[PDB]
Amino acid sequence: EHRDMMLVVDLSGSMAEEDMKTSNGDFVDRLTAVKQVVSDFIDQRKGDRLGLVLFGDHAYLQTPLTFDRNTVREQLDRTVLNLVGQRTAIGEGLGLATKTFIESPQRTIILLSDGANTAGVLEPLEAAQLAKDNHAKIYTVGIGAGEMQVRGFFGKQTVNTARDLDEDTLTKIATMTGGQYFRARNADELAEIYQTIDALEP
């Protein structure tokens, strides 16, 4: 599971104080010590959304809750000192963080099938309806080579590989959710569909 985590850090002029003692015994300023530690903290949360709020006189957000943590880390790192001023708005920062939780992904289903809905508790279209409610768009891919003509001894015999394929309801599901139905009769055809689907959702 994943969490959304807001980083609200202090930029007041008092941050410039060389307070912080490292193991080898050196003193460095507060902001530098923070940059170091928090950057390592950012690298640790692989699956989570992080954002950055910087505060003082006025509180402003630096990063709006991206999954991409290299930017959040980098953005924090190029931060400087004394820009904000000598006073701190703690209530401002906490509020802006909370507000940013609210102002915050696109959803897609790719359904692949060789046949009709033979066994199920809930009907396929009622699922597509529920999918629409949750903003999920469904792309549907029917798969089978269909009818093929086999030459033989006596004369023409015809074999159809996918007649179990229900293209009617597969089309409905896609159209209902605002997606498109595709039919792949071979591997080349199949790659193009998915190559196409990638392009449709950038």
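Residue numbers run from 1 along the displayed sequence.
Per the record, residue 104 and residue 105 are separated by a gap of 1 to 3 residues from the deposited sequence that were not modelled. Just going by the entry, 133-141 versus 147-155 on mean CA temperature factor gives the higher value to 147-155. The question of which stretch, 20-28 or 7-15, has the higher mean Cα B factor is settled in favour of 20-28. The entry lists a Cα temperature factor for residue 75 that places it in the middle third of the chain's modelled residues.
Residue 68: CA B factor lies in the highest third for its chain, per the PDB record.
Annotation for residue 192: CA B-factor lies in the lowest third of the chain's modelled residues. Sort the modelled residues of the chain by CA B factor and residue 121 lands in the highest third. Split the chain's modelled residues into thirds by C-alpha temperature factor. Residue 88 is in the lowest one.
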